[PDB]
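Okay, structure first, notes after.
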Amino acid sequence: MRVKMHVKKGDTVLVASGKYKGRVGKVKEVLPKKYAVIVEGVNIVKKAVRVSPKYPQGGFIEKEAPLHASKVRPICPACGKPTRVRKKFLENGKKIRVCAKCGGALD
Amino acid sequence: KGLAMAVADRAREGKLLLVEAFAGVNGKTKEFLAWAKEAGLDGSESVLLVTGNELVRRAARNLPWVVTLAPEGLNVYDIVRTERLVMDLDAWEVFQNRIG
Amino acid sequence: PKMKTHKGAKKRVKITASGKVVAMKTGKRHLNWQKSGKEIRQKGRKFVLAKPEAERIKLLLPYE
Amino acid sequence: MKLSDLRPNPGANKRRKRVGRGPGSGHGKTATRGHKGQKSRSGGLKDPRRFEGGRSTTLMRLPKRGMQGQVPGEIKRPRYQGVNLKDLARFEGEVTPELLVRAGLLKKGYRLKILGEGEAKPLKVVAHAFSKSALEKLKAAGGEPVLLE
RNA sequence: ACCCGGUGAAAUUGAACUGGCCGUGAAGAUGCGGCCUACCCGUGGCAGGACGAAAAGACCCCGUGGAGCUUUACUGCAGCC
RNA sequence: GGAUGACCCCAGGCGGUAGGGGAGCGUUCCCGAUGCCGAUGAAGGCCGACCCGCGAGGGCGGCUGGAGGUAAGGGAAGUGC
RNA sequence: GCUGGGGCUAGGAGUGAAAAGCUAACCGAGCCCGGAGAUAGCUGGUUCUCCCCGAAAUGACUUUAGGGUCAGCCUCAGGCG
RNA sequence: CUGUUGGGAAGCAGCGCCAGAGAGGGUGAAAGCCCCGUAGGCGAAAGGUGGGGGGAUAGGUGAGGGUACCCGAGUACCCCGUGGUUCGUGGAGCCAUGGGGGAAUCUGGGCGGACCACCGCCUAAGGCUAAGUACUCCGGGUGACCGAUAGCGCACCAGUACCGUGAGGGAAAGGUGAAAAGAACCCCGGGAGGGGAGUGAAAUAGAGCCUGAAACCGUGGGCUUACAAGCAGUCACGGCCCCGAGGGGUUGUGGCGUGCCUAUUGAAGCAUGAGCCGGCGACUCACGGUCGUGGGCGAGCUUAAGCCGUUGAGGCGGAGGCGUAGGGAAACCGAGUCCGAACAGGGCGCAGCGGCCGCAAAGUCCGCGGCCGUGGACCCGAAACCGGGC
RNA sequence: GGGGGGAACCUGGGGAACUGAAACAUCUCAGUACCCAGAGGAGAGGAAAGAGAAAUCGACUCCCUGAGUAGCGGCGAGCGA
Ligand SMILES: [Mg+2]
Ligand SMILES: [Mg+2]
Ligand SMILES: [Mg+2]
Ligand SMILES: [Mg+2]
Ligand SMILES: [Mg+2]
Ligand SMILES: [Mg+2]
Ligand SMILES: [Mg+2]
Ligand SMILES: [Mg+2]
Ligand SMILES: [Mg+2]
Ligand SMILES: [Mg+2]
Ligand SMILES: [Mg+2]
Ligand SMILES: [Mg+2]
Ligand SMILES: [Mg+2]
Ligand SMILES: [Mg+2]
Ligand SMILES: [Mg+2]
Ligand SMILES: [Mg+2]
Ligand SMILES: [Mg+2]
Ligand SMILES: [Mg+2]
Ligand SMILES: [Mg+2]
Ligand SMILES: [Mg+2]
Ligand SMILES: [Mg+2]
Ligand SMILES: [Mg+2]
Ligand SMILES: [Mg+2]
Ligand SMILES: [Mg+2]
Ligand SMILES: [Mg+2]
Ligand SMILES: [Mg+2]
Ligand SMILES: [Mg+2]
Ligand SMILES: [Mg+2]
Ligand SMILES: [Mg+2]
Ligand SMILES: [Mg+2]
Ligand SMILES: [Mg+2]
Ligand SMILES: [Mg+2]
Ligand SMILES: [Mg+2]
Ligand SMILES: [Mg+2]
Ligand SMILES: [Mg+2]
Ligand SMILES: [Mg+2]
Ligand SMILES: [Mg+2]
Ligand SMILES: [Mg+2]
Ligand SMILES: [Mg+2]
Ligand SMILES: [Mg+2]
Ligand SMILES: [Mg+2]
Ligand SMILES: [Mg+2]
Ligand SMILES: [Mg+2]
Ligand SMILES: [Mg+2]
Ligand SMILES: [Mg+2]
Ligand SMILES: [Mg+2]
Ligand SMILES: [Mg+2]
Ligand SMILES: [Mg+2]
Ligand SMILES: [Mg+2]
Ligand SMILES: [Mg+2]
Ligand SMILES: [Mg+2]
Ligand SMILES: [Mg+2]
Ligand SMILES: [Mg+2]
Ligand SMILES: [Mg+2]
Ligand SMILES: [Mg+2]
Ligand SMILES: [Mg+2]
Ligand SMILES: [Mg+2]
Ligand SMILES: [Mg+2]
Ligand SMILES: [Mg+2]
Ligand SMILES: [Mg+2]
Ligand SMILES: [Mg+2]
Ligand SMILES: [Mg+2]
Ligand SMILES: [Mg+2]
Ligand SMILES: [Mg+2]
Ligand SMILES: [Mg+2]
Ligand SMILES: [Mg+2]
Ligand SMILES: [Mg+2]
Ligand SMILES: [Mg+2]
Ligand SMILES: [Mg+2]
Ligand SMILES: [Mg+2]
Ligand SMILES: [Mg+2]
Ligand SMILES: [Mg+2]
Ligand SMILES: [Mg+2]
Ligand SMILES: [Mg+2]
Ligand SMILES: [Mg+2]
Ligand SMILES: [Mg+2]
Ligand SMILES: [Mg+2]
Ligand SMILES: [Mg+2]
Ligand SMILES: [Mg+2]
Ligand SMILES: [Mg+2]
Ligand SMILES: [Mg+2]
Ligand SMILES: [Mg+2]
Ligand SMILES: [Mg+2]
Ligand SMILES: [Mg+2]
Ligand SMILES: [Mg+2]
Ligand SMILES: [Mg+2]
Ligand SMILES: [Mg+2]
Ligand SMILES: [Mg+2]
Ligand SMILES: [Mg+2]
Ligand SMILES: [Mg+2]
Ligand SMILES: [Mg+2]
Ligand SMILES: [Mg+2]
Ligand SMILES: [Mg+2]
Ligand SMILES: [Mg+2]
Ligand SMILES: [Mg+2]
Ligand SMILES: [Mg+2]
Ligand SMILES: [Mg+2]
Ligand SMILES: [Mg+2]
Ligand SMILES: [Mg+2]
Ligand SMILES: [Mg+2]
Ligand SMILES: [Mg+2]
Ligand SMILES: [Mg+2]
Ligand SMILES: [Mg+2]
Ligand SMILES: [Mg+2]
Ligand SMILES: [Mg+2]
Ligand SMILES: [Mg+2]
Ligand SMILES: [Mg+2]
Ligand SMILES: [Mg+2]
Ligand SMILES: [Mg+2]
Ligand SMILES: [Mg+2]
Ligand SMILES: [Mg+2]
Ligand SMILES: [Mg+2]
Ligand SMILES: [Mg+2]
Ligand SMILES: [Mg+2]
Ligand SMILES: [Mg+2]
Ligand SMILES: [Mg+2]
Ligand SMILES: [Mg+2]
Ligand SMILES: [Mg+2]
Ligand SMILES: [Mg+2]
Ligand SMILES: [Mg+2]
Ligand SMILES: [Mg+2]
Ligand SMILES: [Mg+2]
Ligand SMILES: [Mg+2]
Ligand SMILES: [Mg+2]
Ligand SMILES: [Mg+2]
Ligand SMILES: [Mg+2]
Ligand SMILES: [Mg+2]
Ligand SMILES: [Mg+2]
Ligand SMILES: [Mg+2]
Ligand SMILES: [Mg+2]
Ligand SMILES: [Mg+2]
Ligand SMILES: [Mg+2]
Ligand SMILES: [Mg+2]
Ligand SMILES: [Mg+2]
Ligand SMILES: [Mg+2]
Ligand SMILES: [Mg+2]
Ligand SMILES: [Mg+2]
Ligand SMILES: [Mg+2]
Ligand SMILES: [Mg+2]
Ligand SMILES: [Mg+2]
Ligand SMILES: [Mg+2]
Ligand SMILES: [Mg+2]
Ligand SMILES: [Mg+2]
Ligand SMILES: [Mg+2]
Ligand SMILES: [Mg+2]
Ligand SMILES: [Mg+2]
Ligand SMILES: [Mg+2]
Ligand SMILES: [Mg+2]
Ligand SMILES: [Mg+2]
Ligand SMILES: [Mg+2]
Ligand SMILES: [Mg+2]
Ligand SMILES: [Mg+2]
Ligand SMILES: [Mg+2]
Ligand SMILES: [Mg+2]
Ligand SMILES: [Mg+2]
Ligand SMILES: [Mg+2]
Ligand SMILES: [Mg+2]
Ligand SMILES: [Mg+2]
Ligand SMILES: [Mg+2]
Ligand SMILES: [Mg+2]
Ligand SMILES: [Mg+2]
Ligand SMILES: [Mg+2]
Ligand SMILES: [Mg+2]
Ligand SMILES: [Mg+2]
Ligand SMILES: [Mg+2]
Ligand SMILES: [Mg+2]
Ligand SMILES: [Mg+2]
Ligand SMILES: [Mg+2]
Ligand SMILES: [Mg+2]
Ligand SMILES: [Mg+2]
Ligand SMILES: [Mg+2]
Ligand SMILES: [Mg+2]
Ligand SMILES: [Mg+2]
Ligand SMILES: [Mg+2]
Ligand SMILES: [Mg+2]
Ligand SMILES: [Mg+2]
Ligand SMILES: [Mg+2]
Ligand SMILES: [Mg+2]
Ligand SMILES: [Mg+2]
Ligand SMILES: [Mg+2]
Ligand SMILES: [Mg+2]
Ligand SMILES: [Mg+2]
Ligand SMILES: [Mg+2]
Ligand SMILES: [Mg+2]
Ligand SMILES: [Mg+2]
Ligand SMILES: [Mg+2]
Ligand SMILES: [Mg+2]
Ligand SMILES: [Mg+2]
Ligand SMILES: [Mg+2]
Ligand SMILES: [Mg+2]
Ligand SMILES: [Mg+2]
Ligand SMILES: [Mg+2]
Ligand SMILES: [Mg+2]
Ligand SMILES: [Mg+2]
Ligand SMILES: [Mg+2]
Ligand SMILES: [Mg+2]
Ligand SMILES: [Mg+2]
Ligand SMILES: [Mg+2]
Ligand SMILES: [Mg+2]
Ligand SMILES: [Mg+2]
Ligand SMILES: [Mg+2]
Ligand SMILES: [Mg+2]
Ligand SMILES: [Mg+2]
Ligand SMILES: [Mg+2]
Ligand SMILES: [Mg+2]
Ligand SMILES: [Mg+2]
Ligand SMILES: [Mg+2]
Ligand SMILES: [Mg+2]
Ligand SMILES: [Mg+2]
Ligand SMILES: [Mg+2]
Ligand SMILES: [Mg+2]
Ligand SMILES: [Mg+2]
Ligand SMILES: [Mg+2]
Ligand SMILES: [Mg+2]
Ligand SMILES: [Mg+2]
Ligand SMILES: [Mg+2]
Ligand SMILES: [Mg+2]
Ligand SMILES: [Mg+2]
Ligand SMILES: [Mg+2]
Ligand SMILES: [Mg+2]
Ligand SMILES: [Mg+2]
Ligand SMILES: [Mg+2]
Ligand SMILES: [Mg+2]
Ligand SMILES: [Mg+2]
Ligand SMILES: [Mg+2]
Ligand SMILES: [Mg+2]
Ligand SMILES: [Mg+2]
Ligand SMILES: [Mg+2]
Ligand SMILES: [Mg+2]
Ligand SMILES: [Mg+2]
Ligand SMILES: [Mg+2]
Ligand SMILES: [Mg+2]
Ligand SMILES: [Mg+2]
Ligand SMILES: [Mg+2]
Ligand SMILES: [Mg+2]
Ligand SMILES: [Mg+2]
Ligand SMILES: [Mg+2]
Ligand SMILES: [Mg+2]
Ligand SMILES: [Mg+2]
Ligand SMILES: [Mg+2]
Ligand SMILES: [Mg+2]
Ligand SMILES: [Mg+2]
Ligand SMILES: [Mg+2]
Ligand SMILES: [Mg+2]
Ligand SMILES: [Mg+2]
Ligand SMILES: [Mg+2]
Ligand SMILES: [Mg+2]
Ligand SMILES: [Mg+2]
Ligand SMILES: [Mg+2]
Ligand SMILES: [Mg+2]
Ligand SMILES: [Mg+2]
Ligand SMILES: [Mg+2]
Ligand SMILES: [Mg+2]
Ligand SMILES: [Mg+2]
Ligand SMILES: [Mg+2]
Ligand SMILES: [Zn+2]
């Protein structure tokens, strides 16, 4: 129906694999189509740019690469630890993501 | 005959074991593992567990080294596959009926 | 499909107890006036088929 | 004994003959069929069990014999299967057609007729027919012949 | 048609380092034997050979192969009496 | 001889079309396998004057390749040009 | 007489100043799809290895004669000796 | 979760943990615990369904005695011509009916293979009727199913391009990388293309992109060749070159030497096929049969459909089949029977190993193999025939 | 209310030939291919003017068996309850 995303713009996440394993950053963007996220200051690539009105003089620019969503884990804004996500039904009775280590909200 | 011989082979090997009941195993795998230890089943040897008690089968099932059967399901390929045979008495009785 | 018995064999021939094949003798269907009584009498008996042609016929009767 | 130790006996599973597979196989080129002719062709020959190259066949030169019967076919009458006295020695007490059905001696829907090969045993045997010698032997041996219709 | 610049096919082709004579060979040999002759490679030309190319001979025979046609061949059918 | 494929000694046979028989090699797939080999490099590709086998083949090693492969013993075929 | 446009007649059927002519570049019976993998006693082709043995081209009969059935000749297994 | 190697951990190491979940797919490599899932559970306001559960409704219901009113008409029935059935005119009934003739209403009429009698069975000429059965456009699940010449004709924008007046025919064509980070900028060039710089673990991964075989074309190097006669090799020797009492490459001279396949009495043959390379390409399967073989049981052996259970678990099911007895056209008899007057004569038939135990075996069941029968039956190939269309 | 469409499946009305019979005509292929009409999630069939010997069974459909039996057949090839 729709791609499952355990992560969203813009809660804070640990990169748990790859070259940036262990870094922490905000979720800048989520690309459900590719099942990939953009994490601030993580996966920086050097791309060349043509001399243009945008970039006269030109040369290169730094850009963040998309990361496979599985490579990323939200951090609990309560206990402060990287965790998996559970769901919880309130009285509304809406559902929310919650930390599995403590019962913290994850929004 | 194949069914008889299959069991008989494991007996001659000292690998056949009949159990009376299964202690405190009531569906949770970690319970079976407890009971396993008490009967010599560390899992260095693969086991064919034959019993009609569902909760015992459901506990022991997810293990890599355990194959599970109701006694009417006893069959020689499953017997030969596994290094040890473990049967409830209830099971051994019906295995008896099928071979005579 | 299962084989079918050759009926023209079944009507002419018989497989004995040991698997020999027996038939009536040929040659007195007619033209008998000038034949001897010895010809006629002998030709009234059954005979046993040569091994090769008998083995062919048993195969055409696979349910006897 | 374990799974890798499972083996057929020598001779139990034999390999197939594969023709048409290279010179050294001994079955190459013509695939053991020889050269040309009807037999070598796909489809092969006419049924060798009967056909003889066009001349009247061996079978077809023999005369037919006896009643073959007519539509509407077979005439339903009672049928007799005989069973010998020697076959009856295994039983005690009373023997009747149904018993010898069960023991797998007499075929169903067949009428019992006792025959005389073997000995007689002092049984009460119940049949639809007895042979002369079976009647004597069995009466002589303290048995009791019992006739059904 | 030839030469120079430009573009650039084809059927065919087992591979080939592919000579003459007298012989031999499945009976007409570049390819076997004996002899003779012959430095390596092209170009324009000619058509004797490569049983040259092309077309699984169109003639003939064979196949219990086919098809068109004939008739006082056989057996039917329409049609007509 | 030893005792039954343990190997040794002696003796004989071993050209081959149609074809009969015997024993093997390899390819795809299944059980073995919740295993094992594998980024310290899977398969495949290119070499080798090396090793084992009568041979079909199987190893080993160097280079290429970059993610698969699959034993002893058995099973089944879309199995060798 | 020739010719444009619009129409009709077709497969054992049309059409033919008659050539079995023509019916969409091969008409003594069009083309397409189907029965269909028709049938082909004929021709071609038939794929790894090693080991043992090893023919026939005759007789009989055959709408048979370059195809068959049985015999003869080959091979394997069991038995006899 | 930490460490270590690595571009990248899921690998290896260390210490844990879950499991009614260790099916499987992913993530930079090989992950039970990162992701998607899995075991086990939960879910419909609306529309469809609803064979199950409930309820209504239609509809359903006596016995004697009398009466002889009714009980399906161009019908039964008979004859002619046919079809259906296993039945092809056969002793030919039955069911159906194109033609002709033409009834009866239970004391009526049809059938039980011509017909007759006796004895039974059944109620024609009006209609309806679930389920058990068939198929797979469609959705899902599973493969000792394919893996881009395979698998559907199509993995790709295919019934397309293209061919045909039309019916109709009918393709080819998948892969950068973990990530576009898809190469700014300078240099030669009109452009294409390239050389640098740069990215990347890797750029003979650069998009005409994984691997990159062979035919085929080229550059460079060693050896060799212009007096030599050739199925192109081989054996010997010598020279030169390379690698370090030996091997490898090359070939001057000498010896020997008639391609492969097919078809044939016989081919180098001037007989067939083949330009070369790569990939596709031909003895199979089902059911019967017959021998052989490996096992289970043995005067016995064995189940089929189905039913229950599993969800790659097996069991039940004895209906039936083969065998236990043969002889005879058959009646029939039976270790005998047939022919015959025969007690004659003949044909075809009849009778384990050891010390009750073992061992073997009739037979039978299953597996395997050879061959046979029916199927297109080892693969390719007709000229033709027929049907419907164009 | 009807009309028209739907991959196969179903019923009904029509209905071939190659081929097999090692020729061919009855026979076979086969009531198959195909054409047409109608149905429907199925269709047909279905509550005995039945079976056929059981003194019996009890609508129909469908599977197994009966059985390659009984029979049918240029008593050929084959067909087949
Ligand atoms: Mg969700
Ligand atoms: Mg990591
Ligand atoms: Mg870290
Ligand atoms: Mg909501
Ligand atoms: Mg295991
Ligand atoms: Mg397990
Ligand atoms: Mg006679
Ligand atoms: Mg005569
Ligand atoms: Mg007579
Ligand atoms: Mg007569
Ligand atoms: Mg005289
Ligand atoms: Mg006389
Ligand atoms: Mg006389
Ligand atoms: Mg006489
Ligand atoms: Mg039978
Ligand atoms: Mg019999
Ligand atoms: Mg096999
Ligand atoms: Mg063999
Ligand atoms: Mg072949
Ligand atoms: Mg070979
Ligand atoms: Mg052979
Ligand atoms: Mg040979
Ligand atoms: Mg051949
Ligand atoms: Mg052969
Ligand atoms: Mg052969
Ligand atoms: Mg041949
Ligand atoms: Mg020959
Ligand atoms: Mg040939
Ligand atoms: Mg010949
Ligand atoms: Mg031949
Ligand atoms: Mg020939
Ligand atoms: Mg052929
Ligand atoms: Mg063919
Ligand atoms: Mg043929
Ligand atoms: Mg003749
Ligand atoms: Mg009969
Ligand atoms: Mg009848
Ligand atoms: Mg008594
Ligand atoms: Mg010049
Ligand atoms: Mg020029
Ligand atoms: Mg050459
Ligand atoms: Mg020259
Ligand atoms: Mg001469
Ligand atoms: Mg001349
Ligand atoms: Mg010549
Ligand atoms: Mg000459
Ligand atoms: Mg010359
Ligand atoms: Mg030469
Ligand atoms: Mg010579
Ligand atoms: Mg010469
Ligand atoms: Mg000269
Ligand atoms: Mg010239
Ligand atoms: Mg010339
Ligand atoms: Mg000339
Ligand atoms: Mg000229
Ligand atoms: Mg010339
Ligand atoms: Mg020449
Ligand atoms: Mg010429
Ligand atoms: Mg030529
Ligand atoms: Mg020309
Ligand atoms: Mg020409
Ligand atoms: Mg040709
Ligand atoms: Mg020709
Ligand atoms: Mg020609
Ligand atoms: Mg010709
Ligand atoms: Mg001629
Ligand atoms: Mg001719
Ligand atoms: Mg003729
Ligand atoms: Mg002929
Ligand atoms: Mg002809
Ligand atoms: Mg004709
Ligand atoms: Mg007229
Ligand atoms: Mg020797
Ligand atoms: Mg020898
Ligand atoms: Mg030899
Ligand atoms: Mg041998
Ligand atoms: Mg191979
Ligand atoms: Mg093998
Ligand atoms: Mg598979
Ligand atoms: Mg596995
Ligand atoms: Mg694996
Ligand atoms: Mg490892
Ligand atoms: Mg690496
Ligand atoms: Mg490497
Ligand atoms: Mg491999
Ligand atoms: Mg593979
Ligand atoms: Mg090798
Ligand atoms: Mg490699
Ligand atoms: Mg993988
Ligand atoms: Mg394997
Ligand atoms: Mg293996
Ligand atoms: Mg196995
Ligand atoms: Mg193949
Ligand atoms: Mg005009
Ligand atoms: Mg005009
Ligand atoms: Mg016009
Ligand atoms: Mg006009
Ligand atoms: Mg006209
Ligand atoms: Mg017209
Ligand atoms: Mg018209
Ligand atoms: Mg038309
Ligand atoms: Mg025509
Ligand atoms: Mg005509
Ligand atoms: Mg015609
Ligand atoms: Mg005409
Ligand atoms: Mg004119
Ligand atoms: Mg046309
Ligand atoms: Mg024309
Ligand atoms: Mg014609
Ligand atoms: Mg034309
Ligand atoms: Mg069509
Ligand atoms: Mg056909
Ligand atoms: Mg065919
Ligand atoms: Mg023909
Ligand atoms: Mg022909
Ligand atoms: Mg020899
Ligand atoms: Mg001869
Ligand atoms: Mg003869
Ligand atoms: Mg003659
Ligand atoms: Mg001949
Ligand atoms: Mg011929
Ligand atoms: Mg022979
Ligand atoms: Mg001899
Ligand atoms: Mg022999
Ligand atoms: Mg011998
Ligand atoms: Mg590192
Ligand atoms: Mg780690
Ligand atoms: Mg670990
Ligand atoms: Mg599971
Ligand atoms: Mg897994
Ligand atoms: Mg996985
Ligand atoms: Mg990677
Ligand atoms: Mg692993
Ligand atoms: Mg793996
Ligand atoms: Mg995983
Ligand atoms: Mg569930
Ligand atoms: Mg679920
Ligand atoms: Mg009343
Ligand atoms: Mg009345
Ligand atoms: Mg009525
Ligand atoms: Mg009426
Ligand atoms: Mg009547
Ligand atoms: Mg009639
Ligand atoms: Mg008829
Ligand atoms: Mg008749
Ligand atoms: Mg009739
Ligand atoms: Mg009657
Ligand atoms: Mg009638
Ligand atoms: Mg009528
Ligand atoms: Mg009356
Ligand atoms: Mg009456
Ligand atoms: Mg009637
Ligand atoms: Mg009746
Ligand atoms: Mg009657
Ligand atoms: Mg009745
Ligand atoms: Mg109805
Ligand atoms: Mg119902
Ligand atoms: Mg219905
Ligand atoms: Mg139904
Ligand atoms: Mg589907
Ligand atoms: Mg695959
Ligand atoms: Mg492709
Ligand atoms: Mg394709
Ligand atoms: Mg490829
Ligand atoms: Mg598709
Ligand atoms: Mg396209
Ligand atoms: Mg056209
Ligand atoms: Mg067009
Ligand atoms: Mg076409
Ligand atoms: Mg394609
Ligand atoms: Mg890629
Ligand atoms: Mg990609
Ligand atoms: Mg530039
Ligand atoms: Mg420029
Ligand atoms: Mg550029
Ligand atoms: Mg450049
Ligand atoms: Mg560049
Ligand atoms: Mg770099
Ligand atoms: Mg690396
Ligand atoms: Mg490379
Ligand atoms: Mg690459
Ligand atoms: Mg390329
Ligand atoms: Mg890749
Ligand atoms: Mg490449
Ligand atoms: Mg390339
Ligand atoms: Mg190359
Ligand atoms: Mg050079
Ligand atoms: Mg000189
Ligand atoms: Mg010189
Ligand atoms: Mg010379
Ligand atoms: Mg020398
Ligand atoms: Mg040398
Ligand atoms: Mg050297
Ligand atoms: Mg030389
Ligand atoms: Mg020579
Ligand atoms: Mg030569
Ligand atoms: Mg020669
Ligand atoms: Mg060759
Ligand atoms: Mg060849
Ligand atoms: Mg050839
Ligand atoms: Mg020839
Ligand atoms: Mg010739
Ligand atoms: Mg000749
Ligand atoms: Mg030559
Ligand atoms: Mg030549
Ligand atoms: Mg020629
Ligand atoms: Mg030639
Ligand atoms: Mg020729
Ligand atoms: Mg060509
Ligand atoms: Mg070439
Ligand atoms: Mg090739
Ligand atoms: Mg075969
Ligand atoms: Mg067997
Ligand atoms: Mg058994
Ligand atoms: Mg049977
Ligand atoms: Mg006698
Ligand atoms: Mg005797
Ligand atoms: Mg035994
Ligand atoms: Mg046995
Ligand atoms: Mg067999
Ligand atoms: Mg063979
Ligand atoms: Mg055979
Ligand atoms: Mg077929
Ligand atoms: Mg076939
Ligand atoms: Mg065959
Ligand atoms: Mg054809
Ligand atoms: Mg034509
Ligand atoms: Mg004709
Ligand atoms: Mg015609
Ligand atoms: Mg037509
Ligand atoms: Mg037409
Ligand atoms: Mg309508
Ligand atoms: Mg409609
Ligand atoms: Mg019909
Ligand atoms: Mg109608
Ligand atoms: Mg009809
Ligand atoms: Mg017609
Ligand atoms: Mg015909
Ligand atoms: Mg045909
Ligand atoms: Mg036939
Ligand atoms: Mg014919
Ligand atoms: Mg014929
Ligand atoms: Mg003809
Ligand atoms: Mg015909
Ligand atoms: Mg046929
Ligand atoms: Mg018919
Ligand atoms: Mg019809
Ligand atoms: Mg059809
Ligand atoms: Mg309709
Ligand atoms: Mg249904
Ligand atoms: Mg209905
Ligand atoms: Mg009624
Ligand atoms: Mg029977
Ligand atoms: Mg007959
Ligand atoms: Mg028929
Ligand atoms: Zn928390």
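Labels used: A, B, ... for chains in the order of the structure tokens, numbers from 1 for residues in each chain, and numbers from 1 for ligands as shown.
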Check every protein, DNA and RNA residue against ligand 140, keep those with an atom at most 12 Å away (counting only C-alpha atoms (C1' of nucleotides) and all ligand atoms), and present them as a PDB file with C-alpha atoms (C1' of nucleotides), in the first residue's frame.
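Ended up saving to out14.pdb:
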```
ATOM      1  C1'   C H  70     -60.194 -40.397 -15.402  1.00  0.00           C
ATOM      2  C1'   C H  71     -55.017 -41.773 -15.681  1.00  0.00           C
ATOM      3  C1'   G H  72     -51.038 -37.449 -21.325  1.00  0.00           C
ATOM      4  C1'   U H  75     -49.384 -41.477 -29.581  1.00  0.00           C
ATOM      5  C1'   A H  76     -48.615 -46.947 -28.413  1.00  0.00           C
ATOM      6  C1'   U H 105     -57.510 -46.467 -20.104  1.00  0.00           C
ATOM      7  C1'   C H 106     -56.089 -51.172 -15.482  1.00  0.00           C
ATOM      8  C1'   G H 108     -55.327 -50.865 -19.945  1.00  0.00           C
ATOM      9  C1'   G H 109     -50.327 -50.919 -21.925  1.00  0.00           C
ATOM     10  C1'   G H 110     -44.204 -51.312 -22.518  1.00  0.00           C
ATOM     11  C1'   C H 122     -42.244 -51.588 -15.005  1.00  0.00           C
ATOM     12  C1'   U H 123     -46.113 -47.624 -15.774  1.00  0.00           C
ATOM     13  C1'   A H 124     -44.778 -44.364 -22.298  1.00  0.00           C
ATOM     14  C1'   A H 125     -46.642 -40.449 -25.305  1.00  0.00           C
ATOM     15  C1'   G H 126     -46.188 -32.868 -19.887  1.00  0.00           C
TER      16        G H 126
ATOM     17  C1'   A I  49     -43.360 -47.929 -19.336  1.00  0.00           C
TER      18        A I  49
END
```
Neighbouring residues of ligand 130 are defined here as those with any atom at most 10 Å from a ligand atom, counting only C-alpha atoms (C1' of nucleotides) and all ligand atoms; list them as a ChimeraX atom specification. /F:34 /H:22-25,31-32,38
Could you write out, as JSON, numbers by chain, all the residues of region 25-75 of chain A that DSSP marks as strand (DSSP E or B)? {"A": [25, 26, 27, 28, 29, 30, 31, 36, 37, 38, 39, 44, 45, 46, 47, 48, 49, 59, 60, 61, 62, 63, 64, 67, 68, 72, 73, 74, 75]}
For chain C, list the residues within 7 Å of chain D, counting only C-alpha atoms, and write the list as a tab-separated table (two decimals) with N, CA and C atoms, in the first residue's frame.
```
chain	number	residue	atom	x	y	z
C	9	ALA	N	-6.73	-64.90	-32.56
C	9	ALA	CA	-5.83	-65.87	-31.97
C	9	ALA	C	-6.60	-66.66	-30.93
C	11	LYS	N	-9.55	-67.34	-30.78
C	11	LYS	CA	-10.58	-68.18	-31.37
C	11	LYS	C	-10.00	-69.40	-32.09
C	12	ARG	N	-8.67	-69.46	-32.20
C	12	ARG	CA	-8.04	-70.51	-33.01
C	12	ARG	C	-7.15	-71.44	-32.22
C	24	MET	N	-5.97	-76.76	-33.85
C	24	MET	CA	-6.48	-77.81	-34.70
C	24	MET	C	-5.62	-77.88	-35.94
C	26	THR	N	-4.60	-78.17	-39.80
C	26	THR	CA	-5.11	-77.63	-41.05
C	26	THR	C	-5.28	-78.70	-42.12
C	56	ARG	N	5.25	-66.14	-30.46
C	56	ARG	CA	4.63	-64.93	-31.01
C	56	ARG	C	3.16	-64.82	-30.62
C	57	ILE	N	2.46	-65.95	-30.72
C	57	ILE	CA	1.05	-66.03	-30.42
C	57	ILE	C	0.73	-65.87	-28.94
```
Report as number ranges by chain all protein, DNA and RNA residues lying within 12 Å of residue 4 (chain C), evaluated on only C-alpha atoms (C1' of nucleotides), omitting residues in the same chain fewer than 3 positions from it. C: 1, 7-10, 59-64; H: 288-289, 373-374; I: 67-69, 78-80
